[PDB]
Amino acid sequence: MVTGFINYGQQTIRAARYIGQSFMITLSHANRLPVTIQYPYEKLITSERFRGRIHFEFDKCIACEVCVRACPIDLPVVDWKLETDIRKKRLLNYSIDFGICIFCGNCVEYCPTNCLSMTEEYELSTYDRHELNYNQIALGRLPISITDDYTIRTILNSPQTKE
Amino acid sequence: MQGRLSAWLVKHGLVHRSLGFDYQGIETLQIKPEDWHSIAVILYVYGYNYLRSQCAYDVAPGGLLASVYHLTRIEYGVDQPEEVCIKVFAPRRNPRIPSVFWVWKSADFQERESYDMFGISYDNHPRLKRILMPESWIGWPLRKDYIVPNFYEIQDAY
Amino acid sequence: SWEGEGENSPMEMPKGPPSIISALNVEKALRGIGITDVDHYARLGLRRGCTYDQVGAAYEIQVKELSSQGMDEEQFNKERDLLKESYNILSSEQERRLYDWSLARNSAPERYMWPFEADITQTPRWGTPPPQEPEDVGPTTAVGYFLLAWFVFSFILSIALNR
Amino acid sequence: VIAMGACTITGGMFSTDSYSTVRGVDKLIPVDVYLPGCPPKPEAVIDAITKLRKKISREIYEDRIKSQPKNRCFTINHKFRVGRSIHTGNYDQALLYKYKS
Amino acid sequence: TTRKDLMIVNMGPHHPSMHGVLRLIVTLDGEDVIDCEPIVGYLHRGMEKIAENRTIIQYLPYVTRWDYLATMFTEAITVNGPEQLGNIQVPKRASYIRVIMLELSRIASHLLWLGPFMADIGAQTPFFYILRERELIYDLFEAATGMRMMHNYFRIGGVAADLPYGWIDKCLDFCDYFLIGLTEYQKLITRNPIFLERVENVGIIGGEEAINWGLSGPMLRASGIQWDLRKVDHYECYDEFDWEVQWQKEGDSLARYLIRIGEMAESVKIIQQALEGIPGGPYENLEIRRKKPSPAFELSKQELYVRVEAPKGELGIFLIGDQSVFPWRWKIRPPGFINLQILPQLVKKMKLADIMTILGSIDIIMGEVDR
Ligand code: SF4
Ligand code: SF4
């Protein structure tokens, strides 16, 4: 009968010890520096192959439409007409709607002229959906690098390991 | 070549038909729907512990509906387990295939999927109802001749 | 086209003890009807749920000790065959699985019992799991000593300050 | 409302062949800020929230009467067939007696 | 007590414990679960129908949307179905990279299982604690593949690109840090009295029931069954590395938790062994690599079944070709969709607060349950 009380004692002190262990493990994180990236005052530098907004070169496009076929949804719109003087495909309009785009990278990979590139330009939020229908002028704009914005602290994820 | 399971069945006098092998050499047998409920118990008796997957597919549009069962053994000390594919064919007009839920419980959801996508009705399944599609839906979407009835929210975002 | 193979094969169970595995026996087991009135667990002295060594041991002691001692006539020989059925039911995994499932179905036909529930080969036998890390018990004793000293100090302090 | 993801703006990858995907919640709910991208970067989510704050701070009292519904209704008899719910909640109860050979 | 006493509550698509949009119609008799009915399909995008009328190079982005925690496993099964159909060999370096990525995805999936599980139990801090290191895993993936999730890195007969310079040491440092993090997790959680008393004796599953129900992975291995499809099917290079199949004898949720922790540790050992013995040579198969019109992979006219050991169990693909670019039939065998069907049996005659523990014990994410 006494052994039951003794066992109750030893199975209560153990619980108190493990509760204190949880408290100690959690409170030991107060001595460690925060990992939080303070966006938008701090921005994480994207990788060398980050897939963001498409950049399109109008002069290098041949309207071969393989970027449309390689797309999972045939998203890019290539309006072209034949220039009968030279019988080469003349590009008239190029449009990618980023409301349907998933940034898979098939267009920039299977483009034969390599006129399509992936930039670091995320954060393409707009108030209107139809403003996401970027034409050949909006796609041709150079991306704004976060290294050129000097009001924020650009954060590097890991040491450069280039040594 | 005759498979191990086919040789065992012809030794025990069970009607079937061997359709060959897949790319991995797993035997493929065809079982008539009327004999499938009796043959599933005998299949477990052979030692097929594990109903790995139950699937249904369309042989041809306007044609037969095939239900596929993959079986294997889970046992201690067996190096290479024995796996078998078995297909049961039902007509499109009124597909009826007995349920193996009373042999392997793993079919419980899966046959319902086969009912939801292709309309193959399973007899002894106690809770046969649509599982993935809405419960009030009319039509079987995965059939090759299915046509979506022009819902507004499925159309293009204008 | 072709034809449905194994249409009873025209020989099937050619001589010897016929297999208990059949479509009719399986249908009888499904419906809840005893497929064999003979108790094959009897005539061997075994109990229900015995392992696969006990069936062979019972075969040995029933075919060499009990039967051979009784009579020397050829009626023993057919009696040997009378044993040779039950062993061949209780030694082969498949026929024994069918037999126990039929017995379980016949016992309580109102409720359903799956074949794996009546099978004895489904019990997992894979050895021992990798042990989990050992436990540290020293801080438990430290916490217990701290609390016991706190209680004793409470007793002493209450007695001293009350006076 | 913030529509995050390409599947919430216009349906995304499922805009072409999915038979059950709603192509954008703007067909269901009025969206203030559209956030493009398949898994948008969390910084892009914060940017969309920042733009939402930019629009919120511009509100006046007049916008309140732009927000209450007009609540117009029209009621008729339908002579349809009324049926009870298929999913009644009965599941795995007395299952062993549901064999019915 | 049959009706007007039994409360039918629809703990449905919008519930913090419901991982995604799983619905449970739970019938309660004073906080006692009489039974529950699972309603799924609130995320059914018809992905098997979109699998047809799409080439493989077009369908690959769609693949990561089932099991979005362990994306590399789905990508691996999608790229190894047709490459087995076409008898395409994989170079050794590509196979080692695939093994490393699969084990990293298993680590991440086990982490982001542990988070919501302890959240459903009641502890919210472990969610942030796992996210601190899952962000490091995301950083490694984005450095290698180019994105955190939806990598589109696995390819038929190889991978998209070779590992970048300075990746091996970064992954080794991650492994060294993550071992310490896992020790911290086991110190904080494993012996906690409240965690044990919430977890110790819930969801006892027999081994025979686990086999019959079609369970796989940590669910099946936590019932006394040492069944791992990495060692049974001899997948990739798993026969070359020294690792142990984590299985436990008892059937409760604590066994599943211990199994997933041990699987994380064994996975870390596998990354260490693979990075120590990485081979050279090419990664993309030069035979298949060959303005001109570009066809896709034309599947052969035969059926095929391919399996993988996903962190949630066994993920399978049943592929029927039609001698064309578009497959004739593409059936997905989801581990979570089959592991979920045992939940009404487990939660029957249990309590309301135990449903969260049972459902967190099972690694269910709703994007893989339906397709
Ligand atoms: S693949 Fe490149 S060059 Fe060809 S149409 Fe597309 S963007 Fe133009
Ligand atoms: S990135 Fe992918 S989804 Fe977007 S336009 Fe290019 S191919 Fe289409």
# chains A, B, ... in the order shown; residues from 1 in each chain; ligands from 1

$ interface_residues --of "chain D" --to "chain C" --cutoff "10 Å" --atoms "only C-alpha atoms" --output "PyMOL selection string"
chain D and resi 94-101

$ write_last_selection --atoms "N, CA and C atoms" --output "compact mmCIF listing (two decimals), in the first residue's frame"
# COMPACT_ATOMS: atom_id res chain seq x y z
N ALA D 94 -22.42 -0.47 -36.93
CA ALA D 94 -23.04 -1.75 -37.31
C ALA D 94 -22.62 -2.16 -38.72
N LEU D 95 -21.33 -1.99 -39.01
CA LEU D 95 -20.81 -2.32 -40.34
C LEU D 95 -20.74 -3.83 -40.55
N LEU D 96 -20.43 -4.58 -39.49
CA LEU D 96 -20.25 -6.02 -39.62
C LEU D 96 -21.54 -6.75 -39.97
N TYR D 97 -22.69 -6.11 -39.80
CA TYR D 97 -23.98 -6.68 -40.16
C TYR D 97 -24.47 -6.21 -41.52
N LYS D 98 -23.61 -5.55 -42.30
CA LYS D 98 -23.97 -5.02 -43.61
C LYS D 98 -23.41 -5.86 -44.75
N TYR D 99 -23.19 -7.15 -44.53
CA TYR D 99 -22.60 -7.98 -45.58
C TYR D 99 -23.61 -8.24 -46.70
N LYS D 100 -24.74 -8.86 -46.37
CA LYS D 100 -25.85 -9.10 -47.30
C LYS D 100 -25.40 -9.92 -48.51
N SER D 101 -25.02 -11.16 -48.23
CA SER D 101 -24.57 -12.09 -49.26
C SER D 101 -25.67 -12.38 -50.28

$ closest_atom_pairs --of "chain B" --to "chain A" --cutoff "12 Å" --atoms "only C-alpha atoms" --output "tab-separated table"
residue	atom	partner	partner_atom	distance
B:156	CA	A:100	CA	10.9
B:157	CA	A:129	CA	9.7
B:158	CA	A:130	CA	8.9

$ interface_residues --of "chain D" --to "chain A" --cutoff "10 Å" --atoms "only C-alpha atoms" --output "PDB file with N, CA, C and O atoms, in the first residue's frame"
ATOM      1  N   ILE D   2      -7.776  38.991 -50.213  1.00  0.00           N
ATOM      2  CA  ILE D   2      -6.557  38.939 -51.011  1.00  0.00           C
ATOM      3  C   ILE D   2      -6.525  37.591 -51.714  1.00  0.00           C
ATOM      4  O   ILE D   2      -6.530  36.543 -51.058  1.00  0.00           O
ATOM      5  N   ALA D   3      -6.500  37.616 -53.044  1.00  0.00           N
ATOM      6  CA  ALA D   3      -6.419  36.395 -53.842  1.00  0.00           C
ATOM      7  C   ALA D   3      -4.947  36.086 -54.074  1.00  0.00           C
ATOM      8  O   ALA D   3      -4.294  36.715 -54.909  1.00  0.00           O
ATOM      9  N   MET D   4      -4.420  35.113 -53.337  1.00  0.00           N
ATOM     10  CA  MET D   4      -3.017  34.736 -53.434  1.00  0.00           C
ATOM     11  C   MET D   4      -2.894  33.463 -54.259  1.00  0.00           C
ATOM     12  O   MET D   4      -3.732  32.562 -54.155  1.00  0.00           O
ATOM     13  N   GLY D   5      -1.892  33.423 -55.116  1.00  0.00           N
ATOM     14  CA  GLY D   5      -1.717  32.286 -55.992  1.00  0.00           C
ATOM     15  C   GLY D   5      -2.350  32.515 -57.349  1.00  0.00           C
ATOM     16  O   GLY D   5      -3.315  33.274 -57.499  1.00  0.00           O
ATOM     17  N   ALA D   6      -1.796  31.852 -58.364  1.00  0.00           N
ATOM     18  CA  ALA D   6      -2.379  31.937 -59.697  1.00  0.00           C
ATOM     19  C   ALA D   6      -3.697  31.185 -59.777  1.00  0.00           C
ATOM     20  O   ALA D   6      -4.537  31.496 -60.627  1.00  0.00           O
ATOM     21  N   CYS D   7      -3.898  30.195 -58.904  1.00  0.00           N
ATOM     22  CA  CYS D   7      -5.139  29.432 -58.910  1.00  0.00           C
ATOM     23  C   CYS D   7      -6.298  30.206 -58.304  1.00  0.00           C
ATOM     24  O   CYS D   7      -7.457  29.844 -58.532  1.00  0.00           O
ATOM     25  N   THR D   8      -6.014  31.251 -57.537  1.00  0.00           N
ATOM     26  CA  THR D   8      -7.054  32.077 -56.946  1.00  0.00           C
ATOM     27  C   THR D   8      -7.372  33.302 -57.791  1.00  0.00           C
ATOM     28  O   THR D   8      -8.457  33.877 -57.649  1.00  0.00           O
ATOM     29  N   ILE D   9      -6.460  33.703 -58.673  1.00  0.00           N
ATOM     30  CA  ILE D   9      -6.703  34.850 -59.540  1.00  0.00           C
ATOM     31  C   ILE D   9      -7.503  34.438 -60.766  1.00  0.00           C
ATOM     32  O   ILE D   9      -8.533  35.041 -61.088  1.00  0.00           O
ATOM     33  N   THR D  10      -7.038  33.406 -61.473  1.00  0.00           N
ATOM     34  CA  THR D  10      -7.654  32.986 -62.723  1.00  0.00           C
ATOM     35  C   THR D  10      -7.743  31.477 -62.891  1.00  0.00           C
ATOM     36  O   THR D  10      -8.159  31.023 -63.962  1.00  0.00           O
ATOM     37  N   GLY D  11      -7.363  30.689 -61.892  1.00  0.00           N
ATOM     38  CA  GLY D  11      -7.356  29.250 -61.991  1.00  0.00           C
ATOM     39  C   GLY D  11      -5.984  28.638 -62.181  1.00  0.00           C
ATOM     40  O   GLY D  11      -5.801  27.458 -61.862  1.00  0.00           O
ATOM     41  N   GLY D  12      -5.018  29.413 -62.670  1.00  0.00           N
ATOM     42  CA  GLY D  12      -3.652  28.931 -62.794  1.00  0.00           C
ATOM     43  C   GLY D  12      -3.530  27.786 -63.776  1.00  0.00           C
ATOM     44  O   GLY D  12      -4.129  27.791 -64.858  1.00  0.00           O
ATOM     45  N   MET D  13      -2.752  26.771 -63.377  1.00  0.00           N
ATOM     46  CA  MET D  13      -2.530  25.600 -64.223  1.00  0.00           C
ATOM     47  C   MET D  13      -3.830  24.883 -64.552  1.00  0.00           C
ATOM     48  O   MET D  13      -3.934  24.232 -65.598  1.00  0.00           O
ATOM     49  N   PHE D  14      -4.821  24.983 -63.674  1.00  0.00           N
ATOM     50  CA  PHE D  14      -6.107  24.334 -63.850  1.00  0.00           C
ATOM     51  C   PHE D  14      -7.086  25.184 -64.643  1.00  0.00           C
ATOM     52  O   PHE D  14      -8.272  24.849 -64.707  1.00  0.00           O
ATOM     53  N   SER D  15      -6.616  26.277 -65.248  1.00  0.00           N
ATOM     54  CA  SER D  15      -7.493  27.122 -66.047  1.00  0.00           C
ATOM     55  C   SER D  15      -7.869  26.487 -67.380  1.00  0.00           C
ATOM     56  O   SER D  15      -8.744  27.014 -68.073  1.00  0.00           O
ATOM     57  N   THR D  16      -7.234  25.378 -67.756  1.00  0.00           N
ATOM     58  CA  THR D  16      -7.368  24.833 -69.102  1.00  0.00           C
ATOM     59  C   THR D  16      -8.152  23.527 -69.162  1.00  0.00           C
ATOM     60  O   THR D  16      -9.013  23.370 -70.031  1.00  0.00           O
ATOM     61  N   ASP D  17      -7.867  22.575 -68.273  1.00  0.00           N
ATOM     62  CA  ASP D  17      -8.449  21.244 -68.394  1.00  0.00           C
ATOM     63  C   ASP D  17      -9.157  20.734 -67.148  1.00  0.00           C
ATOM     64  O   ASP D  17      -9.775  19.666 -67.217  1.00  0.00           O
ATOM     65  N   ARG D  23     -12.229  29.280 -61.764  1.00  0.00           N
ATOM     66  CA  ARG D  23     -11.181  30.106 -62.360  1.00  0.00           C
ATOM     67  C   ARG D  23     -11.249  31.501 -61.746  1.00  0.00           C
ATOM     68  O   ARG D  23     -11.762  32.457 -62.330  1.00  0.00           O
ATOM     69  N   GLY D  24     -10.713  31.610 -60.535  1.00  0.00           N
ATOM     70  CA  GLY D  24     -10.658  32.883 -59.846  1.00  0.00           C
ATOM     71  C   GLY D  24     -11.793  33.091 -58.867  1.00  0.00           C
ATOM     72  O   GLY D  24     -12.957  32.849 -59.199  1.00  0.00           O
ATOM     73  N   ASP D  26     -12.721  35.956 -57.860  1.00  0.00           N
ATOM     74  CA  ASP D  26     -13.444  37.169 -58.223  1.00  0.00           C
ATOM     75  C   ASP D  26     -14.817  36.857 -58.800  1.00  0.00           C
ATOM     76  O   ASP D  26     -15.671  37.748 -58.863  1.00  0.00           O
ATOM     77  N   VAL D  31     -12.465  40.868 -54.671  1.00  0.00           N
ATOM     78  CA  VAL D  31     -11.053  40.806 -54.310  1.00  0.00           C
ATOM     79  C   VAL D  31     -10.475  42.211 -54.334  1.00  0.00           C
ATOM     80  O   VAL D  31     -10.655  42.950 -55.310  1.00  0.00           O
ATOM     81  N   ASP D  32      -9.777  42.582 -53.259  1.00  0.00           N
ATOM     82  CA  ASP D  32      -9.138  43.891 -53.197  1.00  0.00           C
ATOM     83  C   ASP D  32      -7.768  43.875 -53.866  1.00  0.00           C
ATOM     84  O   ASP D  32      -7.476  44.722 -54.717  1.00  0.00           O
ATOM     85  N   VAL D  33      -6.915  42.924 -53.492  1.00  0.00           N
ATOM     86  CA  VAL D  33      -5.546  42.850 -53.988  1.00  0.00           C
ATOM     87  C   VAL D  33      -5.319  41.474 -54.596  1.00  0.00           C
ATOM     88  O   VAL D  33      -5.591  40.453 -53.954  1.00  0.00           O
ATOM     89  N   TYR D  34      -4.820  41.447 -55.829  1.00  0.00           N
ATOM     90  CA  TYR D  34      -4.477  40.212 -56.520  1.00  0.00           C
ATOM     91  C   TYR D  34      -2.984  39.950 -56.369  1.00  0.00           C
ATOM     92  O   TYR D  34      -2.167  40.843 -56.615  1.00  0.00           O
ATOM     93  N   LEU D  35      -2.634  38.732 -55.969  1.00  0.00           N
ATOM     94  CA  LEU D  35      -1.240  38.355 -55.724  1.00  0.00           C
ATOM     95  C   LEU D  35      -0.829  37.257 -56.694  1.00  0.00           C
ATOM     96  O   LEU D  35      -1.174  36.079 -56.488  1.00  0.00           O
ATOM     97  N   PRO D  36      -0.115  37.585 -57.768  1.00  0.00           N
ATOM     98  CA  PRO D  36       0.299  36.556 -58.725  1.00  0.00           C
ATOM     99  C   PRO D  36       1.441  35.706 -58.193  1.00  0.00           C
ATOM    100  O   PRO D  36       2.205  36.111 -57.313  1.00  0.00           O
ATOM    101  N   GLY D  37       1.550  34.503 -58.752  1.00  0.00           N
ATOM    102  CA  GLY D  37       2.642  33.610 -58.419  1.00  0.00           C
ATOM    103  C   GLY D  37       2.205  32.259 -57.894  1.00  0.00           C
ATOM    104  O   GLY D  37       1.300  32.173 -57.063  1.00  0.00           O
ATOM    105  N   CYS D  38       2.827  31.195 -58.382  1.00  0.00           N
ATOM    106  CA  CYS D  38       2.585  29.885 -57.789  1.00  0.00           C
ATOM    107  C   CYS D  38       3.559  29.676 -56.635  1.00  0.00           C
ATOM    108  O   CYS D  38       4.773  29.803 -56.838  1.00  0.00           O
ATOM    109  N   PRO D  39       3.079  29.225 -55.475  1.00  0.00           N
ATOM    110  CA  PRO D  39       3.646  29.637 -54.195  1.00  0.00           C
ATOM    111  C   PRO D  39       4.328  30.989 -54.270  1.00  0.00           C
ATOM    112  O   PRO D  39       5.543  31.067 -54.505  1.00  0.00           O
ATOM    113  N   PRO D  40       3.574  32.073 -54.086  1.00  0.00           N
ATOM    114  CA  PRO D  40       4.201  33.394 -54.003  1.00  0.00           C
ATOM    115  C   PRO D  40       5.179  33.431 -52.844  1.00  0.00           C
ATOM    116  O   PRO D  40       4.954  32.810 -51.803  1.00  0.00           O
ATOM    117  N   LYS D  41       6.287  34.129 -53.051  1.00  0.00           N
ATOM    118  CA  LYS D  41       7.261  34.283 -51.985  1.00  0.00           C
ATOM    119  C   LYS D  41       6.604  35.011 -50.815  1.00  0.00           C
ATOM    120  O   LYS D  41       5.762  35.891 -51.032  1.00  0.00           O
ATOM    121  N   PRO D  42       6.911  34.630 -49.574  1.00  0.00           N
ATOM    122  CA  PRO D  42       6.275  35.289 -48.421  1.00  0.00           C
ATOM    123  C   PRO D  42       6.492  36.794 -48.386  1.00  0.00           C
ATOM    124  O   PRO D  42       5.617  37.534 -47.912  1.00  0.00           O
ATOM    125  N   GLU D  43       7.627  37.265 -48.902  1.00  0.00           N
ATOM    126  CA  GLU D  43       7.837  38.699 -49.055  1.00  0.00           C
ATOM    127  C   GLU D  43       6.832  39.304 -50.029  1.00  0.00           C
ATOM    128  O   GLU D  43       6.364  40.430 -49.828  1.00  0.00           O
ATOM    129  N   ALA D  44       6.476  38.571 -51.088  1.00  0.00           N
ATOM    130  CA  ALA D  44       5.455  39.064 -52.008  1.00  0.00           C
ATOM    131  C   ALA D  44       4.086  39.111 -51.340  1.00  0.00           C
ATOM    132  O   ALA D  44       3.274  39.998 -51.634  1.00  0.00           O
ATOM    133  N   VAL D  45       3.813  38.172 -50.431  1.00  0.00           N
ATOM    134  CA  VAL D  45       2.574  38.219 -49.657  1.00  0.00           C
ATOM    135  C   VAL D  45       2.554  39.456 -48.771  1.00  0.00           C
ATOM    136  O   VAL D  45       1.524  40.136 -48.644  1.00  0.00           O
ATOM    137  N   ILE D  46       3.692  39.771 -48.148  1.00  0.00           N
ATOM    138  CA  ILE D  46       3.775  40.976 -47.327  1.00  0.00           C
ATOM    139  C   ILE D  46       3.610  42.224 -48.188  1.00  0.00           C
ATOM    140  O   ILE D  46       3.005  43.211 -47.759  1.00  0.00           O
ATOM    141  N   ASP D  47       4.129  42.199 -49.418  1.00  0.00           N
ATOM    142  CA  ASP D  47       3.945  43.331 -50.324  1.00  0.00           C
ATOM    143  C   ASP D  47       2.480  43.511 -50.706  1.00  0.00           C
ATOM    144  O   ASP D  47       1.987  44.644 -50.791  1.00  0.00           O
ATOM    145  N   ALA D  48       1.776  42.406 -50.961  1.00  0.00           N
ATOM    146  CA  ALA D  48       0.348  42.492 -51.253  1.00  0.00           C
ATOM    147  C   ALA D  48      -0.424  43.034 -50.057  1.00  0.00           C
ATOM    148  O   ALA D  48      -1.356  43.832 -50.216  1.00  0.00           O
ATOM    149  N   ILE D  49      -0.036  42.623 -48.850  1.00  0.00           N
ATOM    150  CA  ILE D  49      -0.671  43.141 -47.641  1.00  0.00           C
ATOM    151  C   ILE D  49      -0.363  44.628 -47.469  1.00  0.00           C
ATOM    152  O   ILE D  49      -1.218  45.408 -47.030  1.00  0.00           O
ATOM    153  N   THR D  50       0.848  45.045 -47.842  1.00  0.00           N
ATOM    154  CA  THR D  50       1.212  46.460 -47.811  1.00  0.00           C
ATOM    155  C   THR D  50       0.359  47.275 -48.775  1.00  0.00           C
ATOM    156  O   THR D  50      -0.094  48.376 -48.441  1.00  0.00           O
ATOM    157  N   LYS D  51       0.128  46.749 -49.978  1.00  0.00           N
ATOM    158  CA  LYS D  51      -0.738  47.438 -50.932  1.00  0.00           C
ATOM    159  C   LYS D  51      -2.179  47.486 -50.436  1.00  0.00           C
ATOM    160  O   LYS D  51      -2.886  48.486 -50.638  1.00  0.00           O
ATOM    161  N   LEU D  52      -2.627  46.414 -49.780  1.00  0.00           N
ATOM    162  CA  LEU D  52      -3.948  46.422 -49.161  1.00  0.00           C
ATOM    163  C   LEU D  52      -4.045  47.499 -48.090  1.00  0.00           C
ATOM    164  O   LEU D  52      -5.065  48.184 -47.986  1.00  0.00           O
ATOM    165  N   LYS D  55      -4.463  50.849 -49.714  1.00  0.00           N
ATOM    166  CA  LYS D  55      -5.850  51.116 -50.093  1.00  0.00           C
ATOM    167  C   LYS D  55      -6.762  51.321 -48.887  1.00  0.00           C
ATOM    168  O   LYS D  55      -7.728  52.086 -48.978  1.00  0.00           O
TER     169      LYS D  55
END

$ closest_atom_pairs --of "chain E" --to "chain D" --cutoff "7 Å" --atoms "only C-alpha atoms" --output "Markdown table"
| residue | atom | partner | partner_atom | distance |
| --- | --- | --- | --- | --- |
| E:25 | CA | D:89 | CA | 5.6 |
| E:26 | CA | D:89 | CA | 6.9 |
| E:27 | CA | D:89 | CA | 6.9 |
| E:35 | CA | D:91 | CA | 6.4 |
| E:36 | CA | D:91 | CA | 6.2 |
| E:37 | CA | D:91 | CA | 5.3 |
| E:45 | CA | D:21 | CA | 5.7 |
| E:46 | CA | D:18 | CA | 5.6 |
| E:50 | CA | D:17 | CA | 5.7 |
| E:344 | CA | D:92 | CA | 6.7 |
| E:345 | CA | D:92 | CA | 6.9 |

$ write_last_selection --atoms "N, CA and C atoms" --output "short mmCIF file (atom, residue, chain, number, x, y, z; two decimals), in the first residue's frame"
data_model
loop_
_atom_site.label_atom_id
_atom_site.label_comp_id
_atom_site.auth_asym_id
_atom_site.auth_seq_id
_atom_site.Cartn_x
_atom_site.Cartn_y
_atom_site.Cartn_z
N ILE E 25 -17.88 14.49 -40.46
CA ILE E 25 -19.20 14.55 -39.86
C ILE E 25 -19.15 13.65 -38.63
N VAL E 26 -19.01 14.26 -37.46
CA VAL E 26 -18.74 13.53 -36.22
C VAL E 26 -20.02 13.50 -35.39
N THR E 27 -20.41 12.30 -34.96
CA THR E 27 -21.57 12.14 -34.10
C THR E 27 -21.09 11.90 -32.67
N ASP E 35 -19.35 7.84 -33.97
CA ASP E 35 -18.71 7.54 -35.24
C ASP E 35 -18.39 8.85 -35.94
N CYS E 36 -17.68 8.74 -37.06
CA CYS E 36 -17.37 9.90 -37.89
C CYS E 36 -17.37 9.47 -39.34
N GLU E 37 -17.82 10.37 -40.21
CA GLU E 37 -17.85 10.13 -41.65
C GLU E 37 -16.90 11.09 -42.34
N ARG E 45 -9.13 18.66 -58.06
CA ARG E 45 -8.91 19.46 -59.25
C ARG E 45 -8.95 18.63 -60.53
N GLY E 46 -9.27 17.35 -60.43
CA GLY E 46 -9.32 16.48 -61.60
C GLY E 46 -7.97 16.25 -62.24
N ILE E 50 -6.33 15.91 -66.21
CA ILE E 50 -5.32 16.81 -66.76
C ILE E 50 -4.03 16.07 -67.06
N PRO E 344 -12.23 6.50 -39.21
CA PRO E 344 -13.47 6.21 -38.47
C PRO E 344 -13.38 5.01 -37.55
N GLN E 345 -12.60 4.00 -37.92
CA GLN E 345 -12.41 2.86 -37.03
C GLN E 345 -11.64 3.26 -35.78
#

$ atom_distance --atom1 "atom CA of residue 125 of chain E" --atom2 "atom CA of residue 184 of chain E"
12.6 Å

$ closest_residue --among "E:338, E:237, E:123, E:332" --to "chain A" --atoms "only C-alpha atoms"
E:123

$ residues_near_ligand --ligand "ligand 1" --cutoff "12 Å" --atoms "only C-alpha atoms and all ligand atoms" --output "MDAnalysis selection string"
(chainID A and resid 54:71 74:80 89:96 105:117 136 139:140) or (chainID E and resid 291:294)

$ residues_around --residues "residue 23 of chain E" --least-positions-apart "5" --cutoff "6 Å" --atoms "only C-alpha atoms" --output "number ranges by chain"
E: 11-13, 38-39

$ interface_residues --of "chain E" --to "chain A" --cutoff "6 Å" --atoms "only C-alpha atoms" --output "ChimeraX atom specification"
/E:58,143,146,188,192-193,291

$ residues_around --residues "residue 125 of chain B" --least-positions-apart "6" --cutoff "10 Å" --atoms "only C-alpha atoms" --output "list in words"
residues 98, 99, 100, 101, 102, 107, 108, 109, 111 and 112 of chain B; 98, 99 and 100 of chain D

$ interface_residues --of "chain C" --to "chain B" --cutoff "12 Å" --atoms "only C-alpha atoms" --output "number ranges by chain"
C: 1-14, 18-31, 92-102, 111-119, 121-127

$ residues_around --residues "residue 371 of chain E" --least-positions-apart "2" --cutoff "8 Å" --atoms "only C-alpha atoms" --output "PyMOL selection string"
chain E and resi 43-48+66+367-369

$ residues_around --residues "segment 249-254 of chain E" --least-positions-apart "2" --cutoff "6 Å" --atoms "only C-alpha atoms" --output "ChimeraX atom specification"
/E:199-205,222-224,256-257,361

$ residues_around --residues "residue 87 of chain E" --least-positions-apart "3" --cutoff "12 Å" --atoms "only C-alpha atoms" --output "tab-separated table (two decimals) with N, CA and C atoms, in the first residue's frame"
chain	number	residue	atom	x	y	z
B	23	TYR	N	5.70	-4.33	-67.98
B	23	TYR	CA	7.12	-4.14	-68.25
B	23	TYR	C	8.01	-4.76	-67.18
B	24	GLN	N	7.50	-4.96	-65.97
B	24	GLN	CA	8.26	-5.60	-64.91
B	24	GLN	C	8.05	-7.10	-64.84
E	80	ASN	N	10.08	8.55	-63.32
E	80	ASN	CA	10.58	7.18	-63.44
E	80	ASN	C	9.55	6.20	-63.97
E	81	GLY	N	8.28	6.61	-64.09
E	81	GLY	CA	7.34	5.81	-64.83
E	81	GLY	C	7.70	5.69	-66.30
E	82	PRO	N	7.60	6.80	-67.04
E	82	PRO	CA	7.96	6.77	-68.47
E	82	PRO	C	9.40	6.40	-68.76
E	83	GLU	N	10.36	6.71	-67.88
E	83	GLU	CA	11.74	6.32	-68.19
E	83	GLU	C	11.95	4.83	-68.00
E	84	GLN	N	11.12	4.18	-67.18
E	84	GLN	CA	11.10	2.73	-67.14
E	84	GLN	C	10.35	2.15	-68.33
E	90	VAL	N	19.58	5.91	-66.02
E	90	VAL	CA	19.87	7.11	-65.25
E	90	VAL	C	21.34	7.07	-64.86
E	156	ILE	N	13.23	13.44	-66.96
E	156	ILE	CA	13.31	12.08	-67.46
E	156	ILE	C	14.75	11.78	-67.87
E	157	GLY	N	15.28	10.66	-67.38
E	157	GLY	CA	16.65	10.29	-67.63
E	157	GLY	C	17.67	11.24	-67.04
E	285	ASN	N	20.98	12.12	-69.37
E	285	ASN	CA	21.29	11.06	-70.32
E	285	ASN	C	21.54	11.67	-71.70
E	287	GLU	N	21.79	10.14	-74.53
E	287	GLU	CA	21.05	9.49	-75.61
E	287	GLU	C	19.71	10.18	-75.85
E	288	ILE	N	18.97	10.47	-74.78
E	288	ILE	CA	17.68	11.13	-74.94
E	288	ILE	C	17.86	12.61	-75.26
E	299	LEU	N	5.13	7.59	-75.18
E	299	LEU	CA	5.06	6.42	-74.31
E	299	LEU	C	4.75	5.16	-75.12
E	300	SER	N	5.36	4.05	-74.71
E	300	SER	CA	5.11	2.78	-75.38
E	300	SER	C	3.72	2.25	-75.03
